[PDB]
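Okay, structure first, notes after.
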């Protein structure tokens with residue numbers, strides 16, 4: 022096999038290790054009412070995305086992602102994350118389809134993406150934090166031809 026599994030056909034130890042290098046939740050993705058003043062998140066987002074592309078160190082990939090990693094890991098894009106399998110994307114983040122923005126005194130999150138948890142690799146979750154228990158339309162609104170909702 023090699024480089025063929027559940028991580029877009031790269032869950033294998035080669036891409037999973039070079040992928041496991043770090044997490045993607047050191048970057049806050051467009052929160053909107055929370056994010057709008059500085060928006061300095063694309064630094065770690067670009068560095069880690071490149072590290073995901075480094076995970077494919079067939080030869081140089083690892084080197085591109087490591088240099089990019091430092092590029093962002095500079096100050097406010099390095100020591101801000103959890104143990105693994107996480108990336109920050111809240112509010113104005115095109116994936117939910119739901120309507121809830123969590124911003125402090127406006128803490129109501131709309132984020133329905135997927136159910137994928139790879140330690141040190143990508144993780145997609147479906148969660149809507151709102152004071153309402155029962156959702157008026159659908160339980161989990163994710164646009165996918167093979168799936169019904171989630």
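Residue numbers (our numbering): 22 to 171.
Virtual Cβ for every residue (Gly too), placed ideally from N, Cα, C.
Helix, strand or coil at residue i according to DSSP, with G and I counted as helix
| i | result |
| --- | --- |
| residue 163 | coil |
| residue 13 | No answer is possible for residue 13: it lies beyond the span of the chain, which begins at 22 and ends at 171. |
| residue 6 | In the structure displayed, the chain extends from 22 to 171; residue 6 sits before or after that span and is not available. |
| residue 137 | strand |
| residue 29 | coil |
| residue 41 | helix |
| residue 65 | helix |
| residue 89 | helix |
Distance between residue j and residue i (C-alpha atoms, nearest Å)
| i | j | result |
| --- | --- | --- |
| residue 43 | residue 69 | 8 angstroms |
| residue 74 | residue 66 | 12 angstroms |
| residue 103 | residue 72 | 17 angstroms |
| residue 95 | residue 158 | 44 angstroms |
| residue 59 | residue 22 | 44 angstroms |
| residue 149 | residue 63 | 24 angstroms |
| residue 155 | residue 78 | 46 angstroms |
| residue 50 | residue 142 | 17 angstroms |
| residue 97 | residue 52 | 17 angstroms |
| residue 174 | residue 114 | Nothing can be reported for residue 174, as the shown portion of the chain is limited to 22 through 171. |
| residue 83 | residue 152 | 44 angstroms |
| residue 87 | residue 57 | 28 angstroms |
Buried versus exposed, by CB contacts within 10 Å (16 or more), residue i
| i | result |
| --- | --- |
| residue 120 | exposed |
| residue 112 | buried |
| residue 144 | buried |
| residue 34 | exposed |
| residue 169 | exposed |
Other residues of its chain near residue i: CB distance less than 8 angstroms, five sequence neighbours each side excluded
| i | result |
| --- | --- |
| residue 99 | 47, 65 and 93 |
Same chain, Cβ closer than 6 angstroms to residue i, neighbours up to 5 away in sequence not counted
| i | result |
| --- | --- |
| residue 90 | 68 and 72 |
| residue 76 | 36, 39 and 40 |
| residue 133 | 117, 119, 147, 161, 162 and 163 |
| residue 108 | 45 and 46 |
| residue 27 | none |
One or two residues paired with residue i in a DSSP bridge
| i | result |
| --- | --- |
| residue 49 | 109 |
| residue 56 | Residue 56 is not bridged to any residue. |
| residue 124 | 127 |
| residue 145 | 137 |
Chain-order list of residues whose beta-carbon lies under 7 angstroms from that of residue i (same chain, five-residue window excluded)
| i | result |
| --- | --- |
| residue 130 | 111, 121, 123, 148, 149 and 150 |
| residue 138 | 106 and 144 |
| residue 140 | 41, 105 and 106 |
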